[PDB]
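1. just coords:
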């Protein structure tokens, strides 16, 4: 999960293991809500001064689980994006 | 065959008034005078 | 001739109401030979060990115990009154009066839900609960 | 000396004898003394005659159109279901006593009329479904879709109905283990499980409604779809 | 529906193992809440293939009702079969009293046409077997009220 | 073989080791299929006289007695006291009905006497089988009483013989006496799977029941490898235990409506507690009705 | 007890016996049951057999002494089947146990000492 | 009559029973004509006559259940798969080929999973979708 | 090419009206008594 | 009316037969643009030609006797015992019934004057939705 701050450049990239979904016995009914719950657990981890109030999803099938998993934070704004940003290029660089 | 059967048209409005009367006595046990049809015949999307 | 217990004077009734701290004292005020009380006692007998975790059922003869006739207005053949921790639990059934049942319901599940409603509203503290049905119309079609 | 002891037990004996009469099952308590047993038998006969009469009277009341409530119809339908199954069990036992009602020469007359028709029609008989039958997955999908259509918006199905849904979606998963199981049942299964009955209470008449065990329902539904497809294919049923 | 006769009749049209299954499926225990009986005479009518058993047994009883000759005239030849109310020829149509026939599930509708001769010969055969000196045939006559 | 075995049987019953017992049991369970051979011969030869007695009397010995009874003359379905000893009055009624219309030609005298001696040796085989049965049950109740009480003395003699006596039957485990007498018909089955007391139950109730009869009779076998319980009380007790388990296999008030204390702690277990049944639903456009629009066809519901 | 239960282990020997049977249950060297003891006697993989004198009837394990004389295996009777069953790590009574040979397992010295001690009991 | 006026006879005969039989009342916690046999004989008569006629009816189909079950055991897959994980991998490779239309091994893996199990025509339509 | 490293996206797609995708009409011994 | 349904079914499946043979002449398939005038028409509906499952429904023989015999298997009484939506199509259309009903009761806003809609102070009724059984217990449909 690439959580990129435009302003502070702090990229929170969460590693998702192979064993999370190699033997999960589930559909995308785990997948959408799982990436949503893990980015929400990142939000719950950070203090309130560092929590965002505007979250932009690249892929449009995630803002509707983000509405559900972030009802503990109604102060934040979950909008989609018309511009998609190639963060698979981050995968292509050898370090990440 | 419904439009030709007058007994069925009488029975149809009798059963329609029976369903509406059960709705009305689910609203209030005192049977009203001049109950509006708008609560029955409004489609379910528009609340009825 | 019932398996339901009977109370034979005013002391047995008032101490049977005061006996329970966590169960509804369901008291049928009527005569065992009355057909209305016979059907109501059939309903109370068929649920007496169903609702035993939260109720107790007592039968009271009006001729044998006549002191509650004026205060509780026991002027119908059967009345079924509900008490919880000495408080008389009234029920808005829709019949017009809330204090007693005063007819014989034939559905035993409706009596179970009325007792369960009295229990839920009485442990919450209400002296008046609302029945989970309206008994103003007999619902015959 | 004994009325706190036995007055509840003999009431349970009364209600148990009445439950055993309503079920057509034997009620003989061996430890019960035969004058008390004879009086319970008498009570059960009086309640039986009243119960039959009030079931038929309440049914003429309901069927005539007289205004009843839900518990009277529900009670009446239970009474008539037990009475109709007493009559049906008597009908089955009359068939077992009085033989086949159709005579041997009457049966072979009906049978030779059928063979002369099916020879007249050049009817090729419907074979057993072959192993790589071209349409067996099509007929299985139609069978399980038909069994699924029996379930609507009653978010609450019981153990057997959701177990049927599980067997249907399992036969959707691997249709060929389903088809092999169905053909194994069609070849070898001759003893089955108890078919549940109840009665759809239309108020004019009781319609029987049968709940078959769901593995048998899947085999029956594939067999139904197969035989109807092949009989329409072979024109078994003339257009009348 | 005799399940021995139904077994033998089904063995004509289906596989013998299919027919043995369909007959053994109708000879099972039928169970209400506490009570149950073995259904040995009739069909169970809520088996999924009971639609097939009923239409096939009804076909057999249509061959009883129509006869093989009129059933063959109504179904047509097997090479070019007729549709519902149609014959090959109008002479084939008028070659019997039974002009039309529609079996529903269990309801039969048989349309007959008689001449004066055919009708009065049928009436004379009936009143030979069931004589009516009282004109007592009008009483139990169902009408459409 | 019948002379060699059954004259020894006659010598041993006239006196009132165990190889004669096992040989007698193997003889009689070969007698039953030899009687099937004789019965199928009689069925083929008599059906020209009566092609209907196979379907009406399918029992082999009753068929043999009723075609020794009748022969050419189907006059003896009328007022026949001798046929009433063989068949039911229902069966006598139906064979009289179909002897009125037989569509069958008469036999020869050589054919009738050939069928007559075939039926007579068939009754000889049946009475010889029952003589062997009585002797093997008597001598097996003396040799192994408890095993004979549990399983049945013929099957007791079979599993005593193929194991090699009692003193080899004791020091076998229970898992081998189950497969004792084994060999596409049923696999991992012994002589005590095809016993009458293991077939006295539904077909899926069978295999487990074998392990129940194999174990306890093994105990019985050990109990009569030494010579205690000569009266057979261990066999009676264990057999009561067997069919008690066979009959064992064969065929609260409402809670007080308190509310929950409540879920006051969250996440962890509780999210799995709801992920079972009350999980992450759509929460949008599945619980909604969309006030203005009609999205479906209007009254489809 | 039963006079045919012979030899019978006294209290110190049966304490050592049940502790060795418990250790063999832990080391997976133990076969519980008269049929499994009969099997491991027939396969010849049994170090020694313990049995229960309070098995009723006793003769359902009394074939096991004879097997222990035809396989040269030491056999000994414990006082009661309940203590032996608990010593096998099962709550049910077990009337006959087979402590079996394993590939150089660490109980072989204890098993040898108990073998030498329970072949002194039959005297 | 009234009810106890019908039960009076049984009440007076109920007075007969002894008190040894009163507390031993349990609670509810626990010639001749065989009517079956003549119906069975007539049913075997009818089946016998219908089989007498059915011997003359020639073109009837019947498969051997032994040979047909042998051929059903001959068609069981030895490499069918693990059906829930087969469905899981079908869903997986479906999502691969749907989010990567221009990846060749996505279409190859989808059609190979649909040729190792199931039937082959859906695999053939999947590769003719993949080739274009 | 190896192309090792390729995203997947599990979605609840393919919701439609159950009619045809492209709106087209896609069309593609005997008994004897003796 | 049924007489209208049968003459339009006859003439519309006649039009389908001629359109089908002229589209087999043109080697193509019958699209939605031809057979759009025939749409809610025909006793097997023309709708049923454009179903995905249609080929599968070519092997569902005897389905009408099956739907009649569903009354002995399903306790829910079927009012459409005689038809199936799959095979015959939807033999009725009450969309304009709903539109003319809304217009007869006074229009949308003439209906909504009988409601608490203006008490909600929603500025228009167009972007709104209900919450079918959401309530105050967050639904809870599933509970003991």
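-> Ah, there it is. Numbers count the residues shown, from 1 in each chain, chains lettered A, B, ... in the order given.
2. what's the longest helix in chain D?
-> helix D:34-64 (DSSP state H).
3. try chain J
-> Ranked by number of residues, the top helix in chain J under DSSP H is helix J:2-25.
4. Which secondary structure elements does the helix or strand just after it sit against?
-> For helix J:2-25, the following helix or strand on the C-terminal side (DSSP states H and E) is helix J:63-69. Contact analysis of helix J:63-69 by 3 or more CB pairs under 8 Å, 6 or more residues apart in numbering or on different chains; DSSP states H and E lists helix D:214-233, helix E:50-75 as its packing neighbours. The C-beta positions use only the backbone N, C-alpha and C, and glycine is treated the same way.
5. hmm, who's touching stretch G:92-100?
-> By CB atoms under 8 Å, 6 or more residues apart in numbering or on different chains, the list of residues contacting stretch G:92-100 from outside reads G:20-21, G:24, G:29-34, G:36-37, G:40-41, G:45-52, G:55, G:60-61, G:64, G:81-82, G:84-85, G:88, G:107, G:111.
6. which SS state does the residue of chain J found nearest chain B fall under?
-> Closest approach of chain J to chain B (CB to the nearest CB) occurs at residue J:114, with a separation of 4.8 Å. On the three-state scheme (DSSP: H, G, I helix; E, B strand; the rest coil), residue J:114 is labelled coil.
7. That one touches residue B:40, doesn't it?
-> No: using CB atoms under 8 Å, residue J:114 is not in contact with residue B:40, being 11.3 Å away.
8. Common neighbours of those two, please.
-> Common neighbours of residue J:114 and residue B:40, using CB under 8 Å, 6+ apart, do not exist here.
9. Quick check: whichever residue of chain B sits closest to chain E vs residue E:142, distance?
-> Across chain B, no residue is closer to chain E than residue B:7, which sits at 11.1 Å (CB to the nearest CB). Distance of residue B:7 to residue E:142, computed by CB to CB, to the nearest Å: 19 Å.
10. Surely residue D:232 touches residue J:63?
-> No: checked against CB under 8 Å, the pair residue D:232 and residue J:63 is beyond contact range at 10.2 Å.
11. Between these two, which has more neighbouring residues?
-> For residue D:232 and residue J:63, the more surrounded residue by other CB atoms under 10 Å in any protein chain shown is residue J:63, and the numbers stand at 19 against 14.
12. residues touching that one, list them.
-> Residue J:63 makes contacts with D:228, J:84, J:87, as judged by CB under 8 Å, 6+ apart.
13. just the buried members of those residues?
-> Buried members of the contacts of residue J:63, scored by 16 or more other CB atoms under 10 Å in any protein chain shown, are D:228, J:84, J:87.
14. Spatially, which residue comes closest to residue F:111, not counting chain neighbours?
-> Once flanking residues are discounted, residue F:111 sits nearest to residue F:45: 6.7 Å by CB to CB, 6 or more residues apart in numbering or on different chains.
15. right, I mislabeled it, should have said residue E:4
-> With CB to CB, 6+ apart, the residue lying closest to residue E:4 is residue H:47, at 5.2 Å.
16. residues near the residue of chain B found nearest chain A, how many?
-> Closest residue of chain B to chain A, CB to the nearest CB: residue B:45 (22.5 Å). Taking other CB under 10 Å as the criterion, the count of residues near residue B:45 is 20.
17. which SS state does it fall under?
-> Taken by three-state DSSP, the conformation at residue B:45 corresponds to helix.
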